[PDB]
RNA sequence: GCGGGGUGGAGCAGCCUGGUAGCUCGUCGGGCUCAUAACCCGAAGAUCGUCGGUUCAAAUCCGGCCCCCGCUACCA
Ligand SMILES: Nc1nc2c(ncn2[C@@H]2O[C@H](COP(=O)(O)OP(=O)(O)NP(=O)(O)O)[C@@H](O)[C@H]2O)c(=O)[nH]1
Ligand SMILES: [Mg+2]
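Protein chains in written order, with PDB author numbering: chain 1, 23 to 102; chain 8, 3 to 19, 28 to 139; chain 7, 7 to 415.
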């Protein structure tokens with residue numbers, strides 16, 4: 023395997039700052055379903071924006087931890 | 003029961019990964043003769059016809075082997091070039107790719123020959139010729 | 007055709023496939039290009055001929071080609087049998103296939119690595135799977151001794167000789183090898199020529215077999231005039247198939263009617279029979295075969311009928327949706343780096359039920375002492391009453407072997 | 001051996017049609033609002049991979065290597 027990822031804060035609307043998740047292989051990973059799952063973890067709005075997922079608010083640690091729970095390599099994930 | 007095993011461990015260890031006799035060469039008119047072409051080949055587990063065929067082909071000269079395992083090349087060639095072409099023979103048909111042992115066999119099948127290491131155990135496929 | 011099915015269990019990258027390569031020559035390709043950067047991903051396959059130097063000394067007397075003049079001298083070694091292997095993977099997650107694979111084995115060889123901490127996760131996971139399913143004819147092998155201190159490989163032999171104690175493993179011998187330089191393999195052939203004996207199989211029995219691969223032979227571009235048939239790869243266990251018999255595949259393909267689900271049996275004629283690269287007219291247990299069929303190769307491209315079984319057409323076999331398992335648990339989860347103690351089964355839990363070659367998922371409707379009733383996504387054709395099964399749970403994202411039992415009808 | 005690509009911190013434009021380096025992630029200043037966002041304007045930052053060639057002028061055109069990526073789709 024070899025799937026890296028970046029998780030960082032991204033400007034958004036009301037609240038403070040959104041959360042951006044990128045780096046998934048879109049041919050293997052369905053971002054729509056991933057986003058739906060992540061939205062339940064964070065209990066916030068979100069969308070698939072191009073090849074990324076954008077979540078409202080700061081949920082960097084939450085998302086990273088959930089991704090590990092889902093079988094993605096701990097070492098492939100970077101929070102910025 | 004260790005004896006059986008300890009034994010086994012012994013026998014494998016003794017199978018792991028012999029300079030090469032200097033190939034004596036001379037001249038007599040217009041012939042180059044390898045006094046020990048037989049012994050030489052003998053100690054690299056290779057058939058004389060084979061080293062002969064190869065070595066000859068490269069030389070582009072005729073020749074056969076003594077009734078006393080000697081190579082008579084119908085052409086007077088320089089001791090040196092013989093080696094140069096000989097090592098090349100070793101490289102391509104005797105030396106293992108995996109570890110370079112020179113301690114090998116030479117299989118043959120319909121049209122695929124293989125070098126078979128007695129040390130590492132690997133098979134370098136070679137161009138049957 | 008090969009007599010018997012020997013499995014090569016063990017942890018990852020200890021070199022299982024490599025040992026198979028020193029014994030047969032064959033590689034498992036490592037394919038899909040992915041396997042080529044990774045490692046064995048499908049069960050690898052390979053066969054070989056074992057003859058013996060009567061006319062000389064053992065273990066070396068244990069030959070591989072009709073040729074004795076390798077040790078002692080010439081007298082064309084006498085042929086004892088032709089065997090087959092099943093290279094599993096080693097990765098903690100390919101557990102579900104290796105399980106599957108065992109269903110075909112008649113015995114095994116545990117490749118431990120000489121230069122890494124003895125009971126490594128998967129090594130154990132496997133071992134206990136072996137003692138659980140029934141594969142009692144075992145040979146442990148100490149692999150990478152070509153990279154260790156002459157002390158190290160003996161002390162490991164100790165930890166091994168000590169693990170192999172309370173457990174069922176009396177004199178499961180331990181033959182240290184060097185899969186890289188093919189050293190000591192002949193004493194391995196002597197082990198496997200002693201301990202992994204070739205089981206009798208009554209032929210008269212119902213023709214029954216497990217499937218673990220299937221391919222579309224057809225090259226990119228072969229014209230329709232010579233589209234070669236669909237091809238089913240797997241192993242026979244009881245009975246014997248012959249060229250031109252009428253056959254069926256179970257549970258077989260499911261239909262779609264607006265969200266409904268419905269599997270049903272596929273019939274065809276054995277177009278052909280092949281072991282290794284050589285064609286035969288019949289086929290009997292031990293080995294993997296491949297069966298040429300007359301069915302649309304679409305139907306068995308990538309490995310579709312994986313976990314399906316083939317039997318006599320017009321034969322009596324149940325295609326269950328719900329099943330009665332009798333059962334037992336391990337006290338630990340030998341397969342996580344962590345040994346956390348097995349929680350008893352709660353109902354409405356999803357568990358992987360590994361039955362035969364198949365790998366199915368199912369939910370728990372009943373929870374008694376050692377009899378639970380399971381509801382399945384994909385049907386299981388239960389060929390016997392003796393149906394061994396293996397039961398797993400998604401512990402931490404990755405699934406894990408936790409306990410077993412017997413199918414019940 | 002072919003052919004694609006090295007541009008502010010990251011990820012992409014601009015190059016065959018030579019002189020104007022554009023876009024998105026947060027910063028800073030000023031607006032809008034009763035206020036926060038959003039939106040708006042104004043600001044920081046680039047030897048454009050390197051060693052040179054042609055030109056008035058080279059991110060741009062022609063050659064020299066240095067790492068980066070792919071090549072006509074895989075076997076009872
Ligand atoms: N030094 C040494 N290296 C070995 C030995 N056996 C295997 N290796 C190395 O170990 C690597 C792993 O080989 P491989 O067979 O793919 O391991 P595997 O266990 O079969 N992979 P998988 O678990 O998925 O089947 C190879 O690169 C090989 O070079 C050995 O005895 N000595
Ligand atoms: Mg492998």
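Each residue gets a CB set at the ideal place from its N, CA and C atoms; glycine is no exception.
Sorry if obvious, but does the Cβ on residue i come closer than 8 Å to a heavy atom of ligand 1?
i: residue 111 (chain 7); result: no
i: residue 22 (chain 7); result: yes
i: residue 97 (chain 7); result: yes
i: residue 17 (chain 7); result: yes
i: residue 186 (chain 7); result: yes
i: residue 152 (chain 7); result: yes
i: residue 162 (chain 7); result: no
i: residue 117 (chain 7); result: yes
i: residue 105 (chain 7); result: no
Please report the Cβ distance between residue i and residue j, rounded to the nearest whole angstrom; I am assuming they are in contact, meaning their Cβ atoms lie under 8 Å.
i: residue 381 (chain 7); j: residue 331 (chain 7); result: Actually they do not touch by this definition, with Cβ atoms about 12 Å apart.
i: residue 107 (chain 8); j: residue 19 (chain 8); result: Going by Cβ atoms, the distance from residue 107 (chain 8) to residue 19 (chain 8) rounds to 13 Å, so no, they are not a contact pair.
i: residue 238 (chain 7); j: residue 319 (chain 7); result: Actually they do not touch by this definition, with Cβ atoms about 14 Å apart.
i: residue 74 (chain 1); j: residue 42 (chain 1); result: 6 Å
i: residue 363 (chain 7); j: residue 109 (chain 7); result: 5 Å
i: residue 397 (chain 7); j: residue 370 (chain 7); result: The pair is not a contact, with the Cβ atoms about 10 Å apart (cut-off 8 Å).
i: residue 150 (chain 7); j: residue 121 (chain 7); result: 5 Å
i: residue 131 (chain 7); j: residue 341 (chain 7); result: 4 Å
Taking 8 Å as the cut-off, is the beta-carbon of residue i closer than that to any non-hydrogen atom of ligand 2?
i: residue 45 (chain 7); result: yes
i: residue 179 (chain 7); result: no
i: residue 34 (chain 7); result: yes
i: residue 31 (chain 7); result: no
i: residue 12 (chain 8); result: no
i: residue 50 (chain 7); result: yes
i: residue 93 (chain 7); result: yes
i: residue 25 (chain 7); result: no
Can you grab the Cα-Cα spacing for the pair residue i / residue j, in whole Å?
i: residue 94 (chain 7); j: residue 52 (chain 7); result: 12 Å
i: residue 299 (chain 7); j: residue 306 (chain 7); result: 10 Å
i: residue 413 (chain 7); j: residue 58 (chain 7); result: 42 Å
i: residue 61 (chain 7); j: residue 75 (chain 7); result: 10 Å
i: residue 78 (chain 8); j: residue 45 (chain 8); result: 9 Å
i: residue 144 (chain 7); j: residue 114 (chain 7); result: 5 Å
i: residue 399 (chain 7); j: residue 113 (chain 8); result: 51 Å
i: residue 403 (chain 7); j: residue 347 (chain 7); result: 17 Å
i: residue 248 (chain 7); j: residue 372 (chain 7); result: 42 Å
i: residue 392 (chain 7); j: residue 31 (chain 7); result: 36 Å
i: residue 72 (chain 7); j: residue 115 (chain 8); result: 15 Å
i: residue 13 (chain 7); j: residue 204 (chain 7); result: 13 Å
i: residue 142 (chain 7); j: residue 31 (chain 8); result: 53 Å
i: residue 107 (chain 7); j: residue 222 (chain 7); result: 21 Å
i: residue 383 (chain 7); j: residue 91 (chain 7); result: 31 Å
i: residue 118 (chain 7); j: residue 86 (chain 7); result: 28 Å
i: residue 56 (chain 8); j: residue 48 (chain 8); result: 10 Å
i: residue 317 (chain 7); j: residue 209 (chain 7); result: 14 Å
i: residue 407 (chain 7); j: residue 58 (chain 1); result: 30 Å
Would residue i be called buried (16 or more neighbouring beta carbons within 10 Å of its own) or exposed?
i: residue 276 (chain 7); result: buried
i: residue 188 (chain 7); result: buried
i: residue 196 (chain 7); result: buried
i: residue 96 (chain 8); result: buried
i: residue 389 (chain 7); result: buried
i: residue 17 (chain 7); result: buried
i: residue 7 (chain 7); result: buried
i: residue 140 (chain 7); result: exposed
i: residue 182 (chain 7); result: buried
i: residue 290 (chain 7); result: buried
i: residue 206 (chain 7); result: exposed
i: residue 216 (chain 7); result: buried
i: residue 47 (chain 1); result: exposed
i: residue 98 (chain 8); result: exposed
Query - the region 13-28 of chain 7: positions lying closer than 7 Å to chain 8 by Cβ - result: Within the region 13-28 of chain 7, the residues whose Cβ lies closer than 7 Å to some Cβ of chain 8 are 28, listed in chain order.
Report task. Closer than 7 Å, Cβ to Cβ, to anything on chain 7: give me those residues from the region 80-102 of chain 1, in chain order. Result -> Here the close residues are 91, 92 and 93.
Report task. Determine which residues of the region 88-107 of chain 8 have a Cβ less than 9 Å from any Cβ of chain 7, and write them out in chain order. Result -> The region 88-107 of chain 8 vs chain 7, Cβ under 9 Å: nothing.
Query raised in the report: What are the residues of the region 153-185 of chain 7 that lie near chain 8, defined by any Cβ-Cβ distance shorter than 9 Å?
Result: So the list reads 156, 159, 160, 163, 167, 177, 179, 180, 181, 182, 183, 184 and 185, given in the order they occur along the chain.
Query - chain 7 contacts made by the region 118-138 of chain 8, where a contact means CB separation under 8 Å - result: Answer set for the region 118-138 of chain 8: 127, 129, 130, 131, 132 and 133.
Query - Near-chain 1 residues of the region 385-410 of chain 7 (beta-carbon distance less than 9 Å), N- to C-terminal order - result: Answer set for the region 385-410 of chain 7: 402, 403 and 404.
Query raised in the report: If you measure beta-carbon to beta-carbon, which residues of the region 57-79 of chain 7 are closer than 9 Å to chain 8?
Result: The region 57-79 of chain 7 vs chain 8, Cβ under 9 Å: 65, 66, 71 and 76.
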